[PDB]
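Note sheet for the following structure.
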Amino acid sequence: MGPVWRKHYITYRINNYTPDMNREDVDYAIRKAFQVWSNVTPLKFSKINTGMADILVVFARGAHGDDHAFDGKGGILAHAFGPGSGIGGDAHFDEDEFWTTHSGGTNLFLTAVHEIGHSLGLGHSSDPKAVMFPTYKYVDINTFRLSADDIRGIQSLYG
Ligand SMILES: NC(=O)[C@H](CCC(=O)O)NC(=O)[C@H](CCC(=O)O)NC(=O)[C@@H](CC(=O)NO)Cc1cc(-c2ccc(-c3cccc(Cl)c3)cc2)no1
Ligand SMILES: [Ca+2]
Ligand SMILES: [Ca+2]
Ligand SMILES: [Ca+2]
Ligand SMILES: [Zn+2]
Ligand SMILES: [Zn+2]
């Protein structure tokens, strides 16, 4: 019962890239994270490099221009705004973390799946198996799957 996008074609743009990973790996992680949600909804996501994207993906540090300042290494890893114009939908990742493609540091893909959930209108789950649970936990990314609770949540918003 949070806000939803009132359309099924949603664009995203990667505003900037963490130096922790190569650009191609950031692109891949974000694309795959969007795919997780498109797989179970009518939503389609297209990356754009120019224009006005709905969801802006940002890596930033500390106080970074909104009311949700980061806290340095550890603690909060990322945050995102629910659907709406402007900053609505945007997903922000704390550059003070060490973003990775793997089990070391903080896995970008898994964190992005969680944040994009918020960008689409989901809140937190109390189900410890849900990607929308409030605390990060590395799982085998090649066997990762949305929980039934996550699928219930997103299908209740779209479709
Ligand atoms: N406490 C911890 O274990 C870590 C430690 C961080 C560190 O020191 O490096 N920190 C967090 O988990 C923080 C705690 C923040 C707080 O409440 O104080 N959580 C986050 O930063 C969240 C913040 C948030 O909710 N943003 O919207 C970000 C977050 C949530 C996840 C997510 C990913 C996968 C899963 C998961 C769980 C079970 C199964 C599966 Cl398949 C996946 C569920 C959650 N990824 O990013
Ligand atoms: Ca936006
Ligand atoms: Ca932090
Ligand atoms: Ca970093
Ligand atoms: Zn922010
Ligand atoms: Zn969250």
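Along the sequence shown, residues carry numbers from 1. Excluded from the calculations below are hydrogen atoms, water molecules and symmetry mates; all remaining heavy atoms, backbone and side chain alike, are included. In listed order, ligands and their atoms are each counted from 1.
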**Q.** N or O contact, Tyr136 vs ligand 1, cut-off under 3.5 Å
**A.** yes
Q. Is there a donor-acceptor contact under 3.5 Å from the side chain of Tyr158 to the main chain of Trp5?
A. yes
Q) For ligand 1, is any non-hydrogen atom under 4.0 Å from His124's backbone (N, CA, C, O), its side chain (CB onward), both, or neither? A) side chain
Q. Would you say the side-chain atoms of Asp54 pair up with the backbone N or O of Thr11, donor to acceptor, closer than 3.5 Å?
A. yes
Q) From atom 17 (O) of ligand 1, is the closest protein heavy-atom distance below 4.0 Å? A) no
(Q) I'd like to know: is the Ca ion (ligand 3) within the 3.0 Å range of an N/O/S atom from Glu97, strictly under that distance? (A) yes
Q.
Test of geometry: compute the angle OD2(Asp20)-the Ca ion (ligand 4)-O(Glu95) and round it to 10°.
A. 140°
Q: Could you check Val139, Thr111, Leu146 and say which one makes a side-chain contact (heavy atoms from CB on, under 4.5 Å) with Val131?
A: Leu146
Q) Quick one: does ligand 1 sit under 4.0 Å from the side chain of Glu115, the backbone, both or neither, non-hydrogen atoms only? A) side chain
**Q.** Ring centre gap for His92 and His68 strictly below 6.0 Å
**A.** no
Q) With only distance considered, is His114 within less than 3.5 Å of ligand 1 through an N or O on each side? A) yes
Q) At under 4.0 Å between heavy atoms, which part of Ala130 makes contact with ligand 1: side chain, backbone, both or neither? A) backbone
(Q) Test of understanding: given a 4.0 Å heavy-atom threshold, classify the contact between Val139 and ligand 1 as side chain, backbone, both, or neither. (A) side chain
Q | Atom name in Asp94, limited to N/O/S, at shortest distance from the Ca ion (ligand 3) | A | OD2
Q | Within-cut-off N or O pair, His79 and ligand 1, under 3.5 Å | A | no
Q. Can you tell which of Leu43, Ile151, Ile116 makes a side-chain contact (heavy atoms from CB on, under 4.5 Å) with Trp37?
A. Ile116
Q: Could you tell me which N, O or S atom of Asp71 is nearest to the Ca ion (ligand 3)?
A: OD1
(Q) If we count only non-hydrogen protein atoms and require a distance under 4.0 Å, does atom 22 (C) of ligand 1 qualify as touching the protein? (A) yes
Q: Kindly confirm whether the Ca ion (ligand 3) is within less than 3.0 Å of some N/O/S atom in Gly74?
A: yes
Q: Say whether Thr106, considering both its backbone and side-chain N or O atoms, lies within less than 3.5 Å of an N or O atom on ligand 1.
A: no
(Q) Can you confirm, on distance only, whether ligand 1 has an N/O atom lying under 3.5 Å from any N/O atom belonging to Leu110? (A) no
Q | Side chain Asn107, main chain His102, donor-acceptor under 3.5 Å | A | yes
Q. Protein heavy atoms: any of them under 4.0 Å from atom 32 (C) of ligand 1?
A. yes
Q. Could any protein non-hydrogen atom be found less than 4.0 Å from atom 5 (C) of ligand 1?
A. no
Q.
Before moving on, can you tell me the angle at the Ca ion (ligand 3) between the O atom of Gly72 and the O atom of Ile76, to the nearest 10 degrees?
A. 180°
